[PDB]
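First the structure, in the form of structure tokens, and then the observations on it.
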Amino acid sequence: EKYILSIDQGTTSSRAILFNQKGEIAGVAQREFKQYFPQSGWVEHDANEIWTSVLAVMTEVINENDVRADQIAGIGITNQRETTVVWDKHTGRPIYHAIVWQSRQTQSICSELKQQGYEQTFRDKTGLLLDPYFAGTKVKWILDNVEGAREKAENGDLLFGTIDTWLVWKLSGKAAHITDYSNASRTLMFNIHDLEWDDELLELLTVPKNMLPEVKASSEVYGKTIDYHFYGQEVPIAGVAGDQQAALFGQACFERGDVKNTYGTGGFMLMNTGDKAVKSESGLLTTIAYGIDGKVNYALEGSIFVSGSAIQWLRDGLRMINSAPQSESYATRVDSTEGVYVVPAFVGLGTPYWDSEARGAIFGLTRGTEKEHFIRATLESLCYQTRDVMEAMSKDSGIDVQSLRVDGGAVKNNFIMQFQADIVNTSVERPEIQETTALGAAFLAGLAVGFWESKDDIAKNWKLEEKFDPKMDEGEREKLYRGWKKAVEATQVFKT
Amino acid sequence: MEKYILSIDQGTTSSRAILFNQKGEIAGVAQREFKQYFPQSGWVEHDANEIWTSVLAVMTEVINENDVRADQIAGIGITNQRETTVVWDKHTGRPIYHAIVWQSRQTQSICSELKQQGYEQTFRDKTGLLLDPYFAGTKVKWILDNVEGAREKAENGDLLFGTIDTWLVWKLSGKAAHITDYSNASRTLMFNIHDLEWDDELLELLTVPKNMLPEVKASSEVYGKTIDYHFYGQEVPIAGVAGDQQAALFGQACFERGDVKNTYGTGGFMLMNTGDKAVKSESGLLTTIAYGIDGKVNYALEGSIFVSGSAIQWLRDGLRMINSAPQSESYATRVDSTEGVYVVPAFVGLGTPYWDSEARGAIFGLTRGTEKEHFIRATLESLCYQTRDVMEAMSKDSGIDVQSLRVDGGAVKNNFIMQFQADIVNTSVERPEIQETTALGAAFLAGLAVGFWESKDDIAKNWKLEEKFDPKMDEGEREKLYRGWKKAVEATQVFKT
Amino acid sequence: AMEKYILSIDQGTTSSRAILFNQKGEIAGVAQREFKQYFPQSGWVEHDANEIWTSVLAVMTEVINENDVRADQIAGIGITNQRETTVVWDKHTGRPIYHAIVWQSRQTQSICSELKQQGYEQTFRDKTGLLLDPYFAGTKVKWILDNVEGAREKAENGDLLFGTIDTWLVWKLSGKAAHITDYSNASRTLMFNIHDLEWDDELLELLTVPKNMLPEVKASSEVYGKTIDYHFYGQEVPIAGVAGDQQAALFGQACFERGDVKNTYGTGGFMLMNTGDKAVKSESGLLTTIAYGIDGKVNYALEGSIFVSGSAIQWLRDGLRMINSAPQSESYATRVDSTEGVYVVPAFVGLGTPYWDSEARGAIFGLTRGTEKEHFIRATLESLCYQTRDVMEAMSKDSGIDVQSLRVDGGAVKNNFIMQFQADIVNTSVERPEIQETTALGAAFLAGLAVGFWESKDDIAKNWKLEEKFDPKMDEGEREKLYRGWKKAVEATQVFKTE
Amino acid sequence: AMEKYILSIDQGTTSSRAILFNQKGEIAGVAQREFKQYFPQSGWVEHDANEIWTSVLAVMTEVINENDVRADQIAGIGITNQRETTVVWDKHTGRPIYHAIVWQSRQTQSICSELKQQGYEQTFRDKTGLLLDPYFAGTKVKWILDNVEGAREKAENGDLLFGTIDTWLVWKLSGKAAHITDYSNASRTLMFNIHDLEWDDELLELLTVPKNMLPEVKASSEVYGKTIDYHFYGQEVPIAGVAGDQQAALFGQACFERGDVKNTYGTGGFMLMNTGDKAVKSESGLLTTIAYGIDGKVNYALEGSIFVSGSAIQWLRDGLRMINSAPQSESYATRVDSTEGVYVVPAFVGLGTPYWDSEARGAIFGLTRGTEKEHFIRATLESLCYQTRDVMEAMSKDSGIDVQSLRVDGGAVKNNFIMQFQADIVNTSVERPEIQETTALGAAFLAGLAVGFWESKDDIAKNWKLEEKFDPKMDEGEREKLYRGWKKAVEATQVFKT
Ligand SMILES: Nc1ncnc2c1ncn2[C@@H]1O[C@H](COP(=O)(O)OP(=O)(O)O)[C@@H](O)[C@H]1O
Ligand SMILES: Nc1ncnc2c1ncn2[C@@H]1O[C@H](COP(=O)(O)OP(=O)(O)O)[C@@H](O)[C@H]1O
Ligand SMILES: [Cl-]
Ligand SMILES: [Cl-]
Ligand SMILES: [Cl-]
Ligand SMILES: [Cl-]
């Protein structure tokens, strides 16, 4: 009996999942790694700790689930997008921390180009915009701030790569330095319209072309694992794609109209737009969904920087709760937040505001406000934000979603699901297997090595765990939303 | 068997009773809290009956547990939370509704009504206040309008209005006296601080009969004696009433003009004795009576802050984030800065100098790296930023420049706050050895009345410095922080449903 | 708005309470207040008498002012209280010469030992129906007279007055007009002869306590006097009821006839059984004391005492700061199916019925690494029950009667888990009344019946209504298994005794 | 430059640790990773053999990366471990057939009672230098073979292998090349005759354990083989050191001959004394076991065993959720002048030296209404000290020697209160080392010397640096009173049994 090992290197933890022929989870292993906040707005990881974590979950899932390494037909790698890494080709070590997709430490770089009118250029080519959110400015940051980098890059001693690249490069023993369309399209360097590194964007980002990896399809055998990194086995690595794109795939969203929403560190709703890249006029991102079978699908994306990450904050920042699940208890202990709103713009505001300078704020507080209200308010933010992007997309698409499929870590919190159904007046469908990112990447690989004959097995296996129906008249609905919007304005007013 | 003067400070969240010996020292202290009711957002109400029983409790407590008999009490001094209104049936002797607290924003509409009819300017020239839900007047009309049967009764002479002083003195004297003093009267919005009498016009606008009103009196004067049964068989003279903040002013020796002090309690209040000439303000400060004594009446400029220490108390009761108020200093000093975070505790709107009833509490500058220590520190700092706002507004209206400010109140104990205050305002902060000046002020008003003390001077010659905090930060860092503060406030006023 | 009410004051070990009662026997208002519990040394337990007075004075002011009831509508006052707690004060100044020594205190131990070693324990039993334990007032008095500087000089000049809480309250509240007590309270002083119904001159000499400090014993339902005006809002309301808190509970439970039994779960756990009017002698560790004095008659009863019951749950809260509130313990207990070998013996101040071991202290057993916080709390909650059973079997012998359904009351009866477990571990039905504060209800009637606010005591029975009956629900094997472990815990607990 | 290192793995009862030692004997890196503890039924303690492996494999990876050191810079590997803890796996699939039974578990009580009732206890004492307590490996294997379905018949077909953690780790790490154990670890199995040095046939039949499952007993400092490339980043580094954690700590403290005594405060408390090559029989509840095999020599030792020491604080944390971290405990304890009569006897898994009572369980005494966290927690911390004194005196009488300055180490030795009270309660100075992770240091040297990284063991004696000494500051009066009470608390504890 064979299996497909999937690695989901997320923003706050790494995960290894085994899938049997039937598309069931044969095992799961998870390890968190440190998050660094050196200065307000900044967010960084330690590339070496990420590697060792991914290397850890693998070893774990194999041992704890009684399955040989020689039973892995293939490996799929899906990851936190944009997070940049720059290492020494030879010593194989990062020359500096990985600047996470959330970090605002490249703001000035953006402001420079933005002030030179180049934003429009980046929008027309990358389908993105000039926000510190994307890989491009992070490389430039490293080459301009990290001593020696500039000259090491000129001597062809350095390599760039988003997490997908970083992992595959290490796992294959430096055999392959590649990335797929989806990941590449989130770098501000890749021209998503002609599908190739844009020379102009590179010069404009003062980034050498020798550091870039080869851009390949999302379901292809990029190589094999080196024996010592996989228990003496050379297992093929045949799947790569950004976590959210892989989730899209995992939800069986293969053509126009298909929309899904993921609640992880951040909140991300993507819609498959087929092979016709669609331009957004409401603050959505135009990006590549995935490359498979000679085709290249595009998609519209709505990005929320902080979603579940706001609960983690309640836990690690304010030490107000011990675990994410505990939050629900408080939230369900009060009829409402009684006027209190929480805008988690910890790293600016994404779709549709796109405000890098905005920071987390809280409003409507009164002597009577207590934990229950405060925590509940935080939980509700994941919903108010989803609506923000949901309506923004409903207008750039014209399509009107009526039953959204969800997934991610936070989707198991029932209050969040019901309140989401209510606040949007739409049904929310939660799957039996909520780890769709993992599942998605597993298929990109399984299909590439013939573990599965067709992607449709995914649509067929999808099982609804529970649907959530709206239970809140307009009266209250729009009142609450009306207030959220005011809360978001006020947030934007606070800037120094 | 030496005697003592009993002071009662009926504050916003607790009642206190304090004994004082000839030497002006504390012979004993008793405190006791009472429920704060928040029926709706912005609303604040107390149970007038629970306030009475609490006052009655602390008294019993302070004498029984300090080996001091009731017969050794030369006089009683009563100072209190201002504006809090109580409307009760003269006959039954019990309130017809919770006392509406000074912080309450439930009389908002009423204040708007009058504004839209263009009366605000009238109230300013007469009361020296303005049309904010902060003052008594509107709270009375509110009751008369919203409490079933309230009017039928109010117009039969069956009801009596009263701010806490009037309520306490009336009950304690066994219904013998239904009086108030100038200081308390000036905060009702129905008293003309220039004519020193109730204003018949203001009363008609607030649709408040003149029969419910108590008679204004001096601050130091024997208003009557406590009925035996509410004071252990004795008939002790009640000879001292005055708003809690004014009392603090008097207990700080701020007698002459230009004298300024700041109290850090549930709220933050900065009064400046303007002598005997009510100075007009154009920076958001109030004009009100300091005290009535020696046949004279002093005026003063006030800077008011609805939520100060109350914010720290919220970290405890609300977010159940700290065990005790003083436990906050622990966290604050654990991290070097707030790192961008600010806290604007407009739980019940903003006072001096913004005066925004609609405003609410908000927090800014948050990031994933924001830890619990930063959040609490930003709260402790807000008491200071707020004090600065008030201080600059007064520096203008008075033209005077404070080089060293005297302080008092429950929160002064916290050294972090005291130092940060001195830094952010760039002025020396002086903390007295006996910080409960409010209770000590009421002591002397009573004492001086019953001739327990010769002169008020004693307060000055007996006052002693506990510690003086002096500024210790650069100019750049100063304005940078204050710049963000104002931004925070600015943003906070934008959020209005 | 012109009905009258009866004010009941229950001055308990950890809190004071004031409760109003209408003609219909319903609660017209309730006011509670706590007071500091002093523990100067291990086993010592003391209150500040002054603080008790001011607390009683507080709940009164509170109950009338916040229930819209004037003082002039109070037909009478009932005063029931924590027993044994001794107070010694100067008649003149009117204030105590030392903290009140609570009934739990073990600071008078040596004194009890001395008397035992002189072979007097049998004497006190035949006379008081008690025994030489630091639990009763007598020894506490001598303790003060012996250890408080100048105590003797003054005690022998008539300058001092002894009194258990009832005496202290009535004296202060009556403005020094009455220095009395009733039979129920008196029988717990160790100086009162429960057979001759009078102070025993011999017992007093042994305790070296002058007869001039003693108050005069009276019936339980009788107008002892009127409250002085200034301590009751200008009114002179009659004080017409006094009786030990537990007895009151017995009366309020309608346990008037012989064979009647009830159990109270408060600071301690007390099981009284009205033995009619014939003091039954015990040989299983139960006490013999006066139930009440009413209608010209005097009833007796057998008592099973437990020093620490709900006080153990209160210890989880104040001591180990392990739970937020008492009722928050049920949450944990029901979270785990069993204690998994763990047992808690709360002999904080020794063991009462049926062990009577002053030297014993609290102990916990059956611990393992797997022992979680839930199990620990559950083990504490369960001890209230085990202890109840120990007392129950001892009484089943001394009376030969078999309880098939026990009535209960007290602060802890609210906790369902404890109720069910009691019903199970004892294998008997437990009945929880709708009005669980029977102790104050009892004091109410003693007063009311005196001042003629009610015709007969029968009303207490006709008006009593069941809230819920708990019925046994576990096998025989499991029952005894648990109880066998309990006794083992107890057995070991008595083995730990330092010098 | 071209600098080498010695990787040391310390597989402890509650966590696995990897430590790098440079030529100078300094720590070049540390990595720790806790693993789950299972308490299926009261008294039972078990670990998941696989999770243990994946943890050790984890700490290795971490220490190497985080500390920027190449795998090819490792001169050698040393493995030290939690003793007695048993593991039984399939020779072929390399999978344990059931959880590892931890040294603490009491789940083999009935087995002990059987043999104990048949008079065989004296047999085991005379041969193993131990006794019939569920604390040792022997009964655990039998438990597995008798209770785990299929085990019996798999063992008869030679499909199963036995091994204490050291063996398990070396067998996995070396790719099944080596299935060995050293003297120290072996001498804690109830199967190894410590007097003639070999698996005792009688004891084996008597434990119904096949001889084909037993590994080879080798010296404590010898190259047992190499790591397979895939379990060590493509490198085949030599595995040249094995020894029970406590023995390794003895060696680490520079206790090489008679008189040398140390005490470790980890999950459990263990004091060992080197008795040279003459195995000394104990008459006061101590254990006679092998210290280590090195240079053709095989030193013996006297050991005092306390099942629960630091493990009692962890309990306050995980069990009662009374504190958030072990270190926090001190805060409370230092906040009161005494426990005011409260005692805590953490017999969570029976009592060891010198009481040896498998039935005993944790108990608490001296409680009153005035007892509060500070007193409760402080009492717990003090138990670590009282228990040490129990064995200290028990050893001072079997040895005749009188210790007057004990060297200490372990996870709980960084808690000053515990060190000062210990000095006080015993009336002896307590010396705390700079490097308190001596177990790792010791194992590292067994390896390092085996591969020639170091020429002699004396380097250990010379590098030892005293971090802080603690002197007694408590008159007999109070001293003897407190201990007197402790003893009573222990008696009372033994009374509670069902
Ligand atoms: N029960 C829960 N309730 C609320 N939030 C949760 C819950 N479980 C996990 N989360 C949140 O989900 C996030 C982790 O989800 P995941 O999709 O694994 O992250 P990522 O997208 O970074 O891979 C965390 O930020 C966590 O706070
Ligand atoms: N819900 C509850 N669960 C368990 N114990 C309780 C609960 N409520 C109150 N208790 C306990 O009951 C006791 C209260 O005693 P009470 O019956 O009021 O009279 P007294 O104070 O005279 O003993 C306290 O010790 C308290 O811990
Ligand atoms: Cl809501
Ligand atoms: Cl700051
Ligand atoms: Cl149980
Ligand atoms: Cl001690």
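Naming works like this for the structure tokens: A, B, ... for the chains as they're shown, residue 1 at the start of each chain, ligands 1 onward in shown order.
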Could you write out as an NGL selection string the residues of chain A within 12 Å of chain D, counting only C-alpha atoms?
-> :A and (29 or 31 or 33 or 46-69 or 91-94 or 170-171 or 173 or 225-234 or 322)
The selected residues should be written to file as a tab-separated table (two decimals), in the first residue's frame (atoms: N, CA and C atoms).
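What ended up in selection29.tsv:
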chain	number	residue	atom	x	y	z
A	29	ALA	N	1.01	15.37	11.36
A	29	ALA	CA	2.02	15.83	12.30
A	29	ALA	C	2.16	17.34	12.16
A	31	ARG	N	4.09	21.03	13.87
A	31	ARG	CA	5.09	21.69	14.71
A	31	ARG	C	5.05	23.16	14.47
A	33	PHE	N	6.73	26.99	14.88
A	33	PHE	CA	8.06	27.57	14.90
A	33	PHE	C	7.91	29.02	15.33
A	46	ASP	N	12.75	32.22	10.74
A	46	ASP	CA	14.09	31.76	10.63
A	46	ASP	C	14.09	30.56	9.69
A	47	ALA	N	14.45	30.82	8.44
A	47	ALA	CA	14.53	29.82	7.38
A	47	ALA	C	15.06	28.47	7.83
A	48	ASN	N	16.05	28.47	8.71
A	48	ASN	CA	16.62	27.23	9.20
A	48	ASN	C	15.67	26.51	10.14
A	49	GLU	N	14.90	27.27	10.93
A	49	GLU	CA	13.96	26.65	11.84
A	49	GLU	C	12.76	26.09	11.06
A	50	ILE	N	12.43	26.74	9.94
A	50	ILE	CA	11.36	26.27	9.09
A	50	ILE	C	11.74	24.94	8.47
A	51	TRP	N	12.95	24.88	7.93
A	51	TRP	CA	13.46	23.65	7.34
A	51	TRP	C	13.44	22.55	8.37
A	52	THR	N	14.07	22.78	9.52
A	52	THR	CA	14.12	21.75	10.56
A	52	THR	C	12.71	21.34	11.03
A	53	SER	N	11.73	22.24	10.92
A	53	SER	CA	10.35	21.90	11.33
A	53	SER	C	9.70	20.98	10.30
A	54	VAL	N	9.87	21.33	9.03
A	54	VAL	CA	9.34	20.53	7.93
A	54	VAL	C	9.98	19.17	7.92
A	55	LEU	N	11.22	19.14	8.37
A	55	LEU	CA	11.99	17.93	8.42
A	55	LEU	C	11.50	17.14	9.63
A	56	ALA	N	10.94	17.86	10.60
A	56	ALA	CA	10.45	17.27	11.86
A	56	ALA	C	9.08	16.59	11.71
A	57	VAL	N	8.13	17.31	11.13
A	57	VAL	CA	6.80	16.78	10.91
A	57	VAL	C	6.85	15.53	10.03
A	58	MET	N	7.72	15.54	9.01
A	58	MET	CA	7.88	14.38	8.13
A	58	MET	C	8.27	13.14	8.94
A	59	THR	N	9.38	13.24	9.65
A	59	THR	CA	9.87	12.15	10.47
A	59	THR	C	8.79	11.64	11.40
A	60	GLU	N	8.03	12.58	11.93
A	60	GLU	CA	6.99	12.29	12.90
A	60	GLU	C	5.83	11.53	12.26
A	61	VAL	N	5.28	12.07	11.18
A	61	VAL	CA	4.12	11.45	10.54
A	61	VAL	C	4.45	10.03	10.07
A	62	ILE	N	5.70	9.80	9.69
A	62	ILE	CA	6.13	8.47	9.22
A	62	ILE	C	6.20	7.46	10.36
A	63	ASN	N	6.78	7.88	11.48
A	63	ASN	CA	6.92	7.02	12.63
A	63	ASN	C	5.64	6.79	13.41
A	64	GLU	N	5.00	7.86	13.86
A	64	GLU	CA	3.77	7.73	14.63
A	64	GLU	C	2.61	7.03	13.90
A	65	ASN	N	2.69	6.89	12.58
A	65	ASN	CA	1.59	6.28	11.83
A	65	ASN	C	1.92	4.95	11.17
A	66	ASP	N	2.97	4.31	11.65
A	66	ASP	CA	3.39	3.01	11.13
A	66	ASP	C	3.26	2.93	9.60
A	67	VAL	N	4.18	3.60	8.91
A	67	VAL	CA	4.23	3.62	7.45
A	67	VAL	C	5.69	3.81	7.03
A	68	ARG	N	6.21	2.91	6.20
A	68	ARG	CA	7.59	3.00	5.73
A	68	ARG	C	7.81	4.20	4.81
A	69	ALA	N	9.06	4.65	4.73
A	69	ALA	CA	9.41	5.76	3.85
A	69	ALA	C	9.31	5.31	2.39
A	91	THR	N	27.06	27.18	0.81
A	91	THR	CA	26.88	26.73	2.20
A	91	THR	C	25.44	26.37	2.53
A	92	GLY	N	24.53	26.73	1.64
A	92	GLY	CA	23.11	26.42	1.82
A	92	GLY	C	22.52	27.06	3.06
A	93	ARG	N	22.93	28.26	3.39
A	93	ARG	CA	22.39	28.93	4.54
A	93	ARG	C	21.85	30.27	4.22
A	94	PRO	N	20.74	30.61	4.81
A	94	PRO	CA	20.17	31.91	4.58
A	94	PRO	C	21.09	33.00	5.12
A	170	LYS	N	16.38	22.38	-0.61
A	170	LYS	CA	17.02	21.66	0.51
A	170	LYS	C	16.72	20.16	0.49
A	171	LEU	N	15.45	19.82	0.25
A	171	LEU	CA	15.00	18.43	0.23
A	171	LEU	C	15.60	17.60	-0.91
A	173	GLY	N	18.46	18.19	-2.22
A	173	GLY	CA	19.91	18.29	-2.12
A	173	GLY	C	20.52	19.29	-3.08
A	225	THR	N	13.86	13.40	-3.57
A	225	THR	CA	14.45	13.71	-2.30
A	225	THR	C	15.81	13.06	-2.24
A	226	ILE	N	16.78	13.68	-1.58
A	226	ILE	CA	18.06	13.01	-1.41
A	226	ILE	C	17.91	12.01	-0.28
A	227	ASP	N	18.57	10.86	-0.43
A	227	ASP	CA	18.45	9.76	0.52
A	227	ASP	C	18.53	10.14	2.00
A	228	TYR	N	19.54	10.91	2.41
A	228	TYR	CA	19.68	11.21	3.83
A	228	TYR	C	18.58	12.11	4.36
A	229	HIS	N	17.91	12.85	3.48
A	229	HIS	CA	16.81	13.71	3.92
A	229	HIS	C	15.47	13.00	3.89
A	230	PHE	N	15.45	11.72	3.52
A	230	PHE	CA	14.20	10.98	3.52
A	230	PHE	C	14.37	9.48	3.81
A	231	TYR	N	15.13	9.19	4.86
A	231	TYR	CA	15.29	7.83	5.36
A	231	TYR	C	15.87	6.85	4.34
A	232	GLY	N	16.81	7.34	3.53
A	232	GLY	CA	17.48	6.52	2.53
A	232	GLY	C	16.69	6.32	1.25
A	233	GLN	N	15.62	7.10	1.08
A	233	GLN	CA	14.78	6.99	-0.10
A	233	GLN	C	14.84	8.25	-0.96
A	234	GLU	N	14.71	8.04	-2.27
A	234	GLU	CA	14.69	9.12	-3.24
A	234	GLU	C	13.27	9.21	-3.81
A	322	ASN	N	-5.81	30.68	26.82
A	322	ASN	CA	-4.72	29.69	26.76
A	322	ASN	C	-4.58	29.00	25.41
Pick out the residues no farther than 10 Å from ligand 4, counting only C-alpha atoms and all ligand atoms, and list them as a PDB file with C-alpha atoms, in the first residue's frame.
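Below is the file part38.pdb, written as the result:
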ATOM      1  CA  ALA B 332       4.208  48.868  32.706  1.00  0.00           C
ATOM      2  CA  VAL B 335       8.662  46.942  28.858  1.00  0.00           C
ATOM      3  CA  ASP B 336      10.478  50.177  27.880  1.00  0.00           C
ATOM      4  CA  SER B 337       7.688  51.737  25.792  1.00  0.00           C
ATOM      5  CA  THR B 338       4.179  51.164  24.547  1.00  0.00           C
ATOM      6  CA  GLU B 339       5.678  50.723  21.109  1.00  0.00           C
ATOM      7  CA  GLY B 340       3.074  52.714  19.197  1.00  0.00           C
ATOM      8  CA  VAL B 341       0.035  51.761  21.257  1.00  0.00           C
ATOM      9  CA  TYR B 342      -2.315  54.342  22.818  1.00  0.00           C
ATOM     10  CA  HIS B 374       2.364  47.284  26.390  1.00  0.00           C
ATOM     11  CA  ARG B 377       1.312  50.599  29.999  1.00  0.00           C
ATOM     12  CA  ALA B 378      -0.654  52.491  27.324  1.00  0.00           C
ATOM     13  CA  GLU B 381       0.001  56.548  30.235  1.00  0.00           C
ATOM     14  CA  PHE B 420       5.509  59.757  33.224  1.00  0.00           C
ATOM     15  CA  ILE B 424       5.037  64.124  29.309  1.00  0.00           C
ATOM     16  CA  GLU B 477      10.365  61.959  22.464  1.00  0.00           C
ATOM     17  CA  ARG B 478       7.965  64.231  24.309  1.00  0.00           C
ATOM     18  CA  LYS B 480       6.427  62.502  19.367  1.00  0.00           C
ATOM     19  CA  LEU B 481       4.374  60.740  22.039  1.00  0.00           C
TER      20      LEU B 481
END
Near residue 434 of chain A, counting only C-alpha atoms, which residues have an atom at most 9 Å away, once you skip same-chain residues fewer than 6 positions from it, shown as a PDB file with C-alpha atoms, in the first residue's frame?
ATOM      1  CA  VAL A 406     -14.742  27.161   3.872  1.00  0.00           C
ATOM      2  CA  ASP A 407     -11.590  25.590   5.320  1.00  0.00           C
ATOM      3  CA  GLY A 408      -8.578  26.281   7.541  1.00  0.00           C
ATOM      4  CA  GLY A 409      -7.704  26.091  11.217  1.00  0.00           C
ATOM      5  CA  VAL A 411     -13.266  26.849  10.590  1.00  0.00           C
ATOM      6  CA  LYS A 412     -13.881  24.359  13.396  1.00  0.00           C
TER       7      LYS A 412
END
Specify as a PyMOL selection string all residues of chain B found within 9 Å of chain A, counting only C-alpha atoms.
-> chain B and resi 37-42+44+310-311+314-315+317-321+339-340+345-348+359-373+375+483-484+487-497
Please measure the separation of atom CA of residue 486 of chain C and atom CA of residue 129 of chain C, giving the value in Å to one decimal.
->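 Interatomic distance, atom CA of residue 486 of chain C to atom CA of residue 129 of chain C: 28.3 Å.
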Compare B:209, B:128, B:24, B:233 by their minimum atom-to-atom distance to chain C, counting only C-alpha atoms, and give me the closest one.
-> B:233
Might you pull out every residue within 12 Å of residue 309 of chain B, with only C-alpha atoms counted and same-chain residues fewer than 4 positions away left off, and present them as a PyMOL selection string?
-> (chain A and resi 367) or (chain B and resi 12-13+263-269+305+313-316+324-326+328+345+379-384+386-387+408-414+417)
Give as a PyMOL selection string every residue of chain C that touches chain B within 8 Å, counting only C-alpha atoms.
-> chain C and resi 50-51+54+58+61-62+65-66+229-234
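Selecting all polymer residues at most 7 Å from ligand 3, using only C-alpha atoms and all ligand atoms, gives residues 335, 336, 337 and 338 of chain A.
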DSSP strand (DSSP E) residues within segment 117-271 of chain B, listed as a VMD selection string = chain B and resid 159 to 163 179 to 181 191 to 192 197 to 198 215 to 217 224 to 225 237 to 243 259 to 264 268 to 271
Take the residues just selected and output them with C-alpha atoms as a short mmCIF file (atom, residue, chain, number, x, y, z; two decimals), in the first residue's frame.
data_model
loop_
_atom_site.label_atom_id
_atom_site.label_comp_id
_atom_site.auth_asym_id
_atom_site.auth_seq_id
_atom_site.Cartn_x
_atom_site.Cartn_y
_atom_site.Cartn_z
CA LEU B 159 -40.49 65.13 45.54
CA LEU B 160 -37.02 66.47 46.41
CA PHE B 161 -34.00 66.84 44.19
CA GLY B 162 -30.48 66.53 45.48
CA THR B 163 -26.90 65.88 44.53
CA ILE B 179 -29.53 71.85 51.82
CA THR B 180 -26.50 72.01 49.54
CA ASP B 181 -23.51 74.34 49.31
CA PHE B 191 -27.77 77.40 39.85
CA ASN B 192 -26.64 80.85 38.72
CA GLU B 197 -29.05 81.72 43.49
CA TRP B 198 -31.17 79.23 41.58
CA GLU B 215 -31.33 75.79 49.79
CA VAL B 216 -27.76 76.67 48.95
CA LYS B 217 -25.47 77.52 51.87
CA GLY B 224 -27.68 70.89 61.63
CA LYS B 225 -27.11 67.82 63.78
CA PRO B 237 -23.24 68.60 64.20
CA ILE B 238 -22.94 68.31 60.42
CA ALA B 239 -20.82 71.36 59.59
CA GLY B 240 -19.08 70.83 56.24
CA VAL B 241 -20.24 70.18 52.67
CA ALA B 242 -18.37 70.67 49.41
CA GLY B 243 -17.81 68.90 46.07
CA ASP B 259 -3.35 77.73 42.97
CA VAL B 260 -3.70 74.44 41.05
CA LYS B 261 -4.00 70.75 41.96
CA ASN B 262 -4.91 67.55 40.13
CA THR B 263 -6.85 64.58 41.49
CA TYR B 264 -6.51 61.11 40.01
CA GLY B 268 -9.23 63.24 36.55
CA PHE B 269 -10.03 66.74 37.74
CA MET B 270 -7.81 69.80 37.74
CA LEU B 271 -9.14 72.83 39.60
#
Which protein, DNA or RNA residues have an atom within 8 Å of ligand 5, counting only C-alpha atoms and all ligand atoms, as a VMD selection string?
-> chain C and resid 337 to 341 378 to 379 382 482
